[PDB]
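To keep things clear, I will list the structure first and then write my remarks on it.
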Protein chains: 2
Amino acid sequence: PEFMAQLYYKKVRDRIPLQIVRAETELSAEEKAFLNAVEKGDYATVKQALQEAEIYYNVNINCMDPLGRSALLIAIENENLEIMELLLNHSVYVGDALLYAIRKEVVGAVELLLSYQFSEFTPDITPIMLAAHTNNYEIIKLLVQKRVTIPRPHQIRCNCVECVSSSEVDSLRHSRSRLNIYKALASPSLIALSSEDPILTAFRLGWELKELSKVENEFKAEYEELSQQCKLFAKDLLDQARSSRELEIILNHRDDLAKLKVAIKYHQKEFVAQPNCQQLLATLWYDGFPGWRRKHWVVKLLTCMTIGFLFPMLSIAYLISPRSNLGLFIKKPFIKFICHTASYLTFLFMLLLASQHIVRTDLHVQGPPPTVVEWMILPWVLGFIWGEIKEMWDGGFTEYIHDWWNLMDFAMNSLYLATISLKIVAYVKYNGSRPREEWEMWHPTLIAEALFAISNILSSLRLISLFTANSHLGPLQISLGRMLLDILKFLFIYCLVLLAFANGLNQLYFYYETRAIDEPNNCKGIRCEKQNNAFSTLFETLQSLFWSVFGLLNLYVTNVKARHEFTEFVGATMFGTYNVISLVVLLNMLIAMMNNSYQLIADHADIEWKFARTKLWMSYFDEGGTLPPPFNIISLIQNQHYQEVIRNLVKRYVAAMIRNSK
Amino acid sequence: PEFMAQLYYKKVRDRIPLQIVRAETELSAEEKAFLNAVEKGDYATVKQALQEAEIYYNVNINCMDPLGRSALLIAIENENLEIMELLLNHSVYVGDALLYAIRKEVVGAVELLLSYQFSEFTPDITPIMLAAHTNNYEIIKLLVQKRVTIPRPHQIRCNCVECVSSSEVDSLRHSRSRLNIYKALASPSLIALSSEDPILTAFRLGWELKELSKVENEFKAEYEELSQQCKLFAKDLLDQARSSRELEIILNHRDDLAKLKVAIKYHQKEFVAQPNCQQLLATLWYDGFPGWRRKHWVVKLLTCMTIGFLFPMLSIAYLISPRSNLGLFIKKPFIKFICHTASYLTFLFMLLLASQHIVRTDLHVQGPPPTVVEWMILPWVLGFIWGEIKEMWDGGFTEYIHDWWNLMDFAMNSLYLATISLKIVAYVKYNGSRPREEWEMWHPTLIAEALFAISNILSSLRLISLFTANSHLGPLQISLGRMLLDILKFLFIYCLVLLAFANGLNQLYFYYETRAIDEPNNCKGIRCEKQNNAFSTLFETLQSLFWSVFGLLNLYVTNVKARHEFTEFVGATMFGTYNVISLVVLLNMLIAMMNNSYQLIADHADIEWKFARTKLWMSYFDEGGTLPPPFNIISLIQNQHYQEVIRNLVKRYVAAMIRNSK
Ligand SMILES: CC(C)CCC[C@@H](C)[C@H]1CC[C@H]2[C@@H]3CC=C4C[C@@H](OC(=O)CCC(=O)O)CC[C@]4(C)[C@H]3CC[C@]12C
Ligand SMILES: CC(C)CCC[C@@H](C)[C@H]1CC[C@H]2[C@@H]3CC=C4C[C@@H](OC(=O)CCC(=O)O)CC[C@]4(C)[C@H]3CC[C@]12C
Ligand SMILES: CC(C)[C@@]12C[C@@H](OC(=O)CO)[C@@](C)(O1)[C@@H]1CC[C@@H](C)[C@H]1[C@@H]2OC(=O)/C=C/c1ccccc1
Ligand SMILES: CC(C)[C@@]12C[C@@H](OC(=O)CO)[C@@](C)(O1)[C@@H]1CC[C@@H](C)[C@H]1[C@@H]2OC(=O)/C=C/c1ccccc1
Ligand SMILES: [Zn+2]
Ligand SMILES: [Zn+2]
């Protein structure tokens, strides 16, 4: 019989003889009696046993069970306060007994041990850290009353001698100690009890823990859980506000919604999207419309279009006399938003009018003067450039870059400046009226028109950022922008496959490159009626494979004039393999990946959209940037009140979490 | 070492010194003894302590624990009735102790406190409101027996001085109080106990709470949960009916299925789809077919086709003598449905015959007389118009608009009237027989034919509303109609992207617009053999991008006669970016969004379909609208019985929920 040998033992028949491999020194019969007495609760028996153990040495006071728990730990686990006290009086080893009492979360034993080998706890654990890991307000309060400390963690990217030495001598212990310290600090009970500003402490700690999660590639999930715990603590403190006065004291605290800007800076999405914060925000947003929420959608539409049609009137009123019954009407955030959206929509309307023929120049004049539509477009372009440079001046490139729409605006304005410069060059370097079919490939007028059309696409696509303000379009934009990332990752794999097959196809077909004269209509490439030279060059092959993704590459492009049937079959099979790999493997990768990411989105989409809409709204609360283009180019008592409100909220939160335990 | 400073404290080294930041005034040692005695249960100790506290002032009767719970609250939490009574006799502060007793849900303590700082409850909470939030029948009954009140909530869109003042002084408190009142009113135990009509109260309250959820944009989920709680209460009351007499007493109550029409009006889908309600409905529906359920599908098919083939016979019998053995056969809802479906199918068959050549006119006569097929079509068209105007007359535009199929019928009838009017105009304004290739672009005959073909599409698509009557097609229609909404939202984003890229492409290519004479077959646009001028105008560009979505736009359209290689590459790259953005980004948005919405559908699809089928069935229970086109154009004891049935159902429901607690 063929047996499975060397399963449990190295020795080289039909049975597995089981013995205790790691045998450990057992206790005496009287020691076992001592531990049985301390487990059972026989106070007199334990008293007699250790009283006689005091006389001689035959009995051990610090006798340790095979499971590692001495008599004191069994007394702790059974909450035998009297046996605990009797053991402590007679000098039982009291190492790490406080930690077991704290983890059991019994206040009496913790008080008793606070008033006077193998461990279940890593050596770095202290009583305050372990109590904070249990989030027990009573025990944490007991330990903080007898003034304790928690070691201060270093910066994430620290290079001091301590850090470089601990992480090189013992990396596992150093990482564990760091995580334990952060678990203690991120404790809602410890923040509530011992933080001067619990809400700011939760903000900063959640931020730093998210950053650690990024940096500490392993142990990422624990740091993410700690960050979420801090965020939920801050949001649950905000949940405890009972009046609008408390909420405005919290949100306006600075150390006009200062604490809310701090929350937006730290990406405290849950805190910001808290319903009372959002209700206060919507009250500030609809300043001129107290009854906006209770209006009918037709009334809303007529009011919005009325304010939009009058944005030049409101802007001119603000310019002429800002402090007037009409000057400061555009100072309202919602009116300001309507006026800015109207200004931008008129800009896009003029962009549309540019390509029409309402007023038009001859298409055969090289370097023409600007059209009156282009003349009217220019003030908006200058206003957008001025607004973006003002934004970067007021925010720094570190905040300018953080916005993707801001980079898109940068590209838009760069293309518009290039269009103006190319139009100037064409105007001052060409005088005649050469027919357009005679113009060179890189004529500045042709390049100016191309750049202007790209600018038009970008400007019109800039409207998707206004979706955030809508209850229905906002979450859609959040989901779309969040799956753009897996689109990018799939784009990486797709471009690698594309480049591989372009290499192969071009290596095959680059011999049969025909000259453009030899083609039917003197047309070379795949943008002809008769597609030809699809894989003759690398750039063309890349275009051909891209367009094959959409079925716009015909099959006859895989055929050569020489009619080399083996080469034409190998090219057709490379093309077919590319079509299989891309169209029905990687595209379905994209579909499945999008479905997964979209489920993960739809879980949190409401909070994400509310945070984005709060950012959008806050962008209109400030005085700077009131006028839309083209018109933009022409203390101690506060801390006392915050501390009282925080006192009340911490009390309410502590009571709430204590009840939620029960 | 770089430390993370200012984590817990503002002060600007390697340790975090933890102190109690919000220190609160502790109690005396004797006060702590008093609270320890009241927690422990030492009746004699507490009695002695407060008896001696009566003499001097050294002890405080109203001593309050750091956790905010005084001695009375600890007695309540431990259900110490005797200590509670002794404390109440000696004048302990009794503020908000009833609320803690109610939340603990102990009847003895509530009775004791009903017979004689920091709070865990918001100040607006009253005993009856809190008891209703706990849904405890015993406690609610105790509090209602001692006559109490709940403040009456205002209308959703209220503008009185009270509302405008409370919401401006304290919006958070006002919103909280409104939600608390609605949480109390939506309590199944309070509705069962104190509502004259529990089922109608649940209907109205669920409706109003859904409307509040709509209006109160924040706190939407709480109002939605309250609405669902009301709906489930009504459905669970209906679940308690044990005989068909009780069910017919409930459903026919009016204050012929009056309560069921009220349930349909309030969108009480769960109540309507309750199996016994549906069984009664199916009994009323198959009036002429008692054994319909137990028949074989072939027998059903033969019977249905027999009744359908005889719809003119049944309609004429109803016309000649409505009160006869054959006149009132079409008065049965299922027979009526079969006859209406047959009438409409014959109408669609004649619409199909219209485009055939069984009988046909010369295609070169402008303004021809109607074909005999069109002559036969006319009575159905008149009947449909008459039926829709009768429906709007009997239902008001407010109910007419609520149906989407009703708007589709409006469009159908408008197009049919336009077709008749255009045919009349062509007949009375053209006499000759001009060849059809000579006709003008806007010839009334051509427009009449176009409108008639659109009407044919709409009429044939109107059959999808009959899917509701089928067990398999009905849920499919429900799912399809529910994902049409995310289709619409994606249509918004898609049209924005479409317009952006159409702007760019037209701005690029509008210079190279060739004249239609210069094209191969004198054909301009993308509906030619040689597609050309794809992006020459804005409307054409919009069509070209739309058709590129389906691959019907060829690539050579991105090429100009002038052979401007940079412009042709920029156009091809705009076209490629549009194809990437739309075809493999937004379409996959649609796929993932549809999958999510379809999961949410499939959860409730059965209830949704049963509600829709009940509406369809109820549309055939009424005498008005018996004849299908073209033939349609030629009390106190009841309340007593309802109250007895409601008494029995409320008793059964109360017992059921009490047991479900255990
Ligand atoms: C999509 C095609 C047909 C091009 C149409 C372009 C514009 C006419 C549309 C596209 C996106 C729309 C915007 C989408 C988002 C909104 C939200 C809308 O209502 C709100 O919810 C904001 C007010 C609030 O926060 O209460 C105000 C208008 C606005 C900017 C819309 C204005 C009209 C816009 C610019
Ligand atoms: C799909 C193509 C081939 C065109 C065929 C058109 C009609 C012949 C079909 C399409 C939808 C069918 C309807 C789909 C729904 C039903 C349910 C069917 O059986 C039922 O469940 C209703 C009776 C009941 O409630 O018990 C009765 C016929 C009817 C109207 C069908 C009649 C035949 C219809 C009109
Ligand atoms: C959109 C634009 C950036 C494109 C579109 C081409 O334009 C043309 O070929 C006409 O000249 C061009 C020049 O630039 C490149 C040639 C090779 C490939 C990288 C193409 C680029 O395409 C993608 O980067 C991504 C494509 C994709 C995404 C998802 C699913 C399937 C495909
Ligand atoms: C269907 C009909 C309403 C269309 C179809 C066009 O007809 C033609 O172009 C021939 O003349 C036309 C005239 O009217 C419009 C031109 C531009 C675009 C809005 C088209 C419309 O199309 C959609 O509204 C939506 C399209 C879509 C939806 C989902 C996924 C992908 C695309
Ligand atoms: Zn064997
Ligand atoms: Zn360091």
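Readers should treat all values here as calculations from the given coordinates under stated rules, not as data from a laboratory. Cβ atoms come from the backbone with ideal geometry, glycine included; neighbour counts cover every protein chain shown.
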For B:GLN356, label point 7 Å along C-beta direction: distances to other copies, nm:
4.9
Efficiency by 1/(1 + (r/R0)^6): what FRET value for B:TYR286 and B:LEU81, r their Cβ-Cβ distance, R0 = 56 Å, to the nearest 0.05?
0.35
With each run of n ≥ 4 DSSP H residues scored as -39500 (n - 2.57), what mean residue ellipticity at 222 nm is computed for the protein assembly as shown after dividing by its residue count and rounding to the nearest 500 deg cm²/dmol?
-20500 deg cm²/dmol
May I have the convex hull volume per residue, in Å³, for the Cα set of region A:344-396?
94 Å³
Quick calc, B:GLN19 & B:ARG152: beta-carbon distance into FRET formula, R0 60 Å, rounding 0.05, result 0.75
How about A:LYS390: which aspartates and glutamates have a C-alpha closer than 16 Å to its C-alpha, ignoring those fewer than 8 places off in the same chain?
A:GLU399, A:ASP403, A:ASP409, A:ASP622, A:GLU623
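P(r) tail for region B:82-188, what percent of Cα pairs lie past 22 Å?
Value for region B:82-188: 40 percent of Cα pairs lie more than 22 Å apart.
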Rg (one decimal) and Dmax (whole number) from the Cα set of region B:1-122, in Å, equal 19.4, 67
In whole angstrom, how far apart do the alpha carbon centroids of region B:230-262 and region B:504-535 sit?
67 Å
For A:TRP386 and A:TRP297, compute 0.36 nm times the residue count separating them, minus their Cα-Cα distance, and round to one decimal in nm.
28.5 nm
Among region B:173-206, those whose backbone N falls under 17 Å of a label point 7 Å along Cα→Cβ from B:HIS267 are B:202-206
Every other copy gets compared here: list the nm distances from the B:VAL148 label point (7 Å along Cα to Cβ) to its counterparts, shortest first, one decimal.
4.3
Size-normalised alpha-carbon gyration radius of chain A, reference 2.2 N^0.38 Å
1.43
Tell me, what ³J(HN,Hα) does each residue in region A:14-26 have, in order and in whole Hz, if you take phi through Karplus 6.51 cos²θ - 1.76 cosθ + 1.60 with θ = phi - 60° and put x for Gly and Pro?
8, 10, 9, x, 9, 10, 6, 6, 8, 5, 10, 4, 6
Closest-to-axis residue of chain A (Cβ criterion, axis taking A to B), whole Å:
A:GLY551, 3
Cα-only Rg/Rh for region A:578-637 with Kirkwood Rh rounds to 1.37
Which ³J(HN,Hα) values, rounded to whole Hz and listed in residue order, are derived for region A:487-493 from phi using the Karplus coefficients 6.51, -1.76 and 1.60 in 6.51 cos²θ - 1.76 cosθ + 1.60 with θ = phi - 60°, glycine and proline given as x?
4, 5, 5, 4, 5, 4, 5
Please report the orientation-averaged projected area of the protein assembly as shown, defined via the convex hull of its C-alpha atoms, in nm².
77.5 nm²
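Do you know the relative contact order of region B:426-564, to the nearest whole percent, from alpha carbon pairs under 8 angstrom that are 6+ apart?
14 percent
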Over all Cα pairs of region A:389-452, the Kirkwood radius sets Rh, and Rg/Rh then becomes 1.20
What fraction of the Cα pairs in region A:406-533, stated in percent, has a spacing above 24 angstrom?
62 percent
Using R₀ = 51 Å, calculate the FRET efficiency as 1/(1 + (r/R₀)^6) where r is the Cβ-Cβ separation of A:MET313 and B:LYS429; round to 0.05.
0.55
In whole Hz, what ³J(HN,Hα) sequence does region B:80-94 give by Karplus (6.51, -1.76, 1.60; θ = phi - 60°), x for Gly and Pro?
8, 5, 5, 5, 4, 5, 5, 5, 5, 5, 8, 6, 7, 4, 10
If you average the C-alpha positions of region B:396-467 and of region A:323-364 separately, how far apart do those two centres end up, in angstrom?
40 Å
Give the nm distances, rounded to one decimal, from A:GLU644 to the matching residue in every other copy, measuring between label points 7 Å along Cα toward the beta carbon; shortest first.
6.4
Quick one: putting +1 on the C-beta of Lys and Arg, -1 on the C-beta of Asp and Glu, what dipole do you get for region A:162-210 around its Cα centre, in Debye to the nearest 20?
220 debye
For region A:509-580, just the Cα set please: Rg and Dmax, both in angstrom.
11.4, 34
In the structure shown, of A:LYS489/A:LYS615; B:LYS146/B:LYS220; A:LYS651/B:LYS220; A:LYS104/A:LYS231; A:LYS231/A:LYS300, the pairs separated by more than 29 angstrom at the C-alpha atoms are B:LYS146/B:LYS220; A:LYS231/A:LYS300
